[PDB]
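Enquirer: What follows is data_6.tsv; its format and atoms are TSV, C-alpha atoms.
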chain	number	residue	atom	x	y	z
A	1	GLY	CA	122.69	2.72	-10.94
A	2	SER	CA	126.22	3.62	-9.91
A	3	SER	CA	126.68	5.52	-6.67
A	4	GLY	CA	124.74	8.66	-5.85
A	5	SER	CA	125.53	11.23	-3.18
A	6	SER	CA	126.28	14.93	-3.44
A	7	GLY	CA	125.19	18.34	-2.22
A	8	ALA	CA	126.30	21.71	-0.89
A	9	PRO	CA	124.44	23.16	2.11
A	10	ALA	CA	125.42	26.81	1.87
A	11	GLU	CA	122.62	29.31	1.41
A	12	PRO	CA	122.17	32.57	3.33
A	13	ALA	CA	118.82	33.99	4.37
A	14	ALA	CA	118.13	37.49	5.65
A	15	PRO	CA	114.90	38.87	4.19
A	16	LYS	CA	114.13	42.43	5.20
A	17	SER	CA	113.36	45.89	3.86
A	18	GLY	CA	116.64	47.70	4.35
A	19	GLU	CA	117.36	50.14	1.55
A	20	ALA	CA	120.88	50.05	0.18
A	21	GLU	CA	123.22	47.12	0.69
A	22	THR	CA	122.69	43.67	-0.78
A	23	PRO	CA	119.18	43.11	-2.15
A	24	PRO	CA	116.59	40.80	-0.58
A	25	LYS	CA	115.98	37.20	-1.57
A	26	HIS	CA	113.58	36.26	-4.34
A	27	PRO	CA	110.12	34.99	-3.35
A	28	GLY	CA	109.82	32.80	-6.42
A	29	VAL	CA	112.88	30.96	-5.15
A	30	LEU	CA	112.19	30.89	-1.43
A	31	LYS	CA	108.95	29.26	-2.50
A	32	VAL	CA	111.00	26.29	-3.65
A	33	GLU	CA	113.62	26.61	-0.93
A	34	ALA	CA	110.74	26.38	1.52
A	35	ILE	CA	109.66	23.06	0.05
A	36	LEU	CA	113.16	21.71	-0.49
A	37	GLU	CA	113.83	22.42	3.16
A	38	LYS	CA	111.12	19.87	3.86
A	39	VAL	CA	112.31	17.44	1.20
A	40	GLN	CA	115.57	17.14	3.11
A	41	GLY	CA	113.45	15.60	5.84
A	42	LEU	CA	111.83	13.13	3.46
A	43	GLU	CA	115.34	12.34	2.27
A	44	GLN	CA	116.78	11.61	5.69
A	45	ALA	CA	114.08	8.97	5.92
A	46	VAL	CA	115.15	7.41	2.64
A	47	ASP	CA	118.85	7.42	3.44
A	48	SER	CA	117.64	5.74	6.61
A	49	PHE	CA	114.71	3.83	5.16
A	50	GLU	CA	113.96	0.13	4.85
A	51	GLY	CA	111.23	-1.98	3.29
A	52	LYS	CA	109.97	-2.29	-0.26
A	53	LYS	CA	108.08	-0.43	-2.96
A	54	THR	CA	104.87	-2.02	-1.72
A	55	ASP	CA	105.36	-1.55	2.00
A	56	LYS	CA	103.18	1.20	3.43
A	57	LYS	CA	106.12	2.95	5.05
A	58	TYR	CA	107.39	3.46	1.52
A	59	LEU	CA	104.03	4.75	0.36
A	60	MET	CA	104.26	7.39	3.06
A	61	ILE	CA	107.65	8.61	1.90
A	62	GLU	CA	106.72	8.01	-1.72
A	63	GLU	CA	103.63	10.18	-1.47
A	64	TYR	CA	105.40	12.62	0.82
A	65	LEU	CA	108.16	13.02	-1.74
A	66	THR	CA	105.77	13.73	-4.59
A	67	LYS	CA	103.73	15.97	-2.32
A	68	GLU	CA	106.73	18.27	-2.45
A	69	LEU	CA	107.12	17.83	-6.19
A	70	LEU	CA	103.65	19.17	-6.86
A	71	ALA	CA	104.61	21.98	-4.51
A	72	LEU	CA	107.76	22.45	-6.55
A	73	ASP	CA	105.79	22.56	-9.78
A	74	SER	CA	103.04	24.69	-8.26
A	75	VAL	CA	105.72	27.36	-8.40
A	76	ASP	CA	105.33	29.60	-11.43
A	77	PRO	CA	108.70	30.94	-12.58
A	78	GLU	CA	107.09	32.59	-15.58
A	79	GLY	CA	110.53	33.40	-16.93
A	80	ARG	CA	112.96	33.65	-14.04
A	81	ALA	CA	116.07	31.50	-14.11
A	82	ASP	CA	116.80	32.10	-10.44
A	83	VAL	CA	113.43	30.45	-9.96
A	84	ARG	CA	113.51	27.96	-12.81
A	85	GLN	CA	116.94	26.75	-11.77
A	86	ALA	CA	115.70	26.35	-8.22
A	87	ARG	CA	112.59	24.60	-9.47
A	88	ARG	CA	114.40	22.25	-11.82
A	89	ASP	CA	116.79	21.74	-8.93
A	90	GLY	CA	114.26	21.10	-6.19
A	91	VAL	CA	112.30	18.86	-8.53
A	92	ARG	CA	115.44	17.10	-9.71
A	93	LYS	CA	116.40	16.69	-6.07
A	94	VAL	CA	113.22	15.07	-4.82
A	95	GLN	CA	113.23	12.92	-7.93
A	96	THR	CA	116.66	11.60	-7.04
A	97	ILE	CA	115.22	10.83	-3.63
A	98	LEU	CA	112.33	8.94	-5.17
A	99	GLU	CA	114.67	6.98	-7.42
A	100	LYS	CA	116.70	6.25	-4.31
A	101	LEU	CA	113.73	5.32	-2.17
A	102	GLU	CA	112.44	2.66	-4.52
A	103	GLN	CA	116.00	1.37	-4.47
A	104	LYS	CA	116.34	1.61	-0.71
A	105	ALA	CA	113.22	-0.53	-0.58
A	106	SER	CA	114.54	-2.92	-3.20
A	107	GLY	CA	117.71	-3.00	-1.12
A	108	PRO	CA	120.47	-0.48	-0.41
A	109	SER	CA	123.94	-0.46	-1.94
A	110	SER	CA	126.82	1.63	-0.65
A	111	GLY	CA	130.13	0.34	0.67
Would you put the structure from the file into structure tokens?
Expert:
Amino acid sequence: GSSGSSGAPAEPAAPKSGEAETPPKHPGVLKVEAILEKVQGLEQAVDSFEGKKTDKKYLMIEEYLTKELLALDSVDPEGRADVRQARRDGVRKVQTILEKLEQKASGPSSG
């Protein structure tokens, strides 16, 4: 691999039933955003993880990561980009974390 670090934490949230004005957020998305929100936590561990691919600690994060994936897939977009994009994003995100974890365990590399 060659480097890997990027993001953009900037997403509003104000769900309510107030006619007129900007529309509410999509549930199909929030569903993912809800999971992702957690992922971030599993990520912080990775970025600050240490061990191997065998170590239990890793198994915890490893499983935890996937746990979210399934939750990301469990989401049925049916045919909504706003959702799909989020899904493919959330999934792609966690994935990157997994690919990083295994690496973090096999030894970090940044500096």
Enquirer: Of the residues A:41, A:53, A:33, A:103, which is the one nearest to residue 85 in chain A, using all atoms listed in the file?
Expert: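 When distances to residue 85 in chain A are compared using all atoms listed in the file, the smallest one comes from A:33.
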Enquirer: For CA of residue 14 in chain A and CA of residue 26 in chain A, determine how far apart the two atoms are, in Å to one decimal place.
Expert: 11.0 Å
Enquirer: Using only C-alpha atoms, which of the listed residues (A:76, A:89, A:102, A:82) sits closest to residue 59 in chain A?
Expert: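 Ranking A:76, A:89, A:102, A:82 by distance to residue 59 in chain A, first place goes to A:102.
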Enquirer: Interatomic distance between CA of residue 96 in chain A and CA of residue 68 in chain A?
Expert: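 Distance between the two atoms: 12.8 Å.
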Enquirer: Looking at A:43, A:19, A:55, A:73, which one is nearest to residue 31 in chain A, with distances taken over only C-alpha atoms?
Expert: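 Smallest distance to residue 31 in chain A is found for A:73.
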Enquirer: Have a look at CA of residue 11 in chain A and CA of residue 101 in chain A and let me know their distance in Å, one decimal.
Expert: 25.8 Å
Enquirer: Compile the contact shell of residue 61 in chain A as number ranges by chain: residues with an atom at most 12 Å away, counting all atoms listed in the file, same-chain residues fewer than 3 positions apart removed.
Expert: A: 38-58, 64-68, 94, 97-102, 104-105
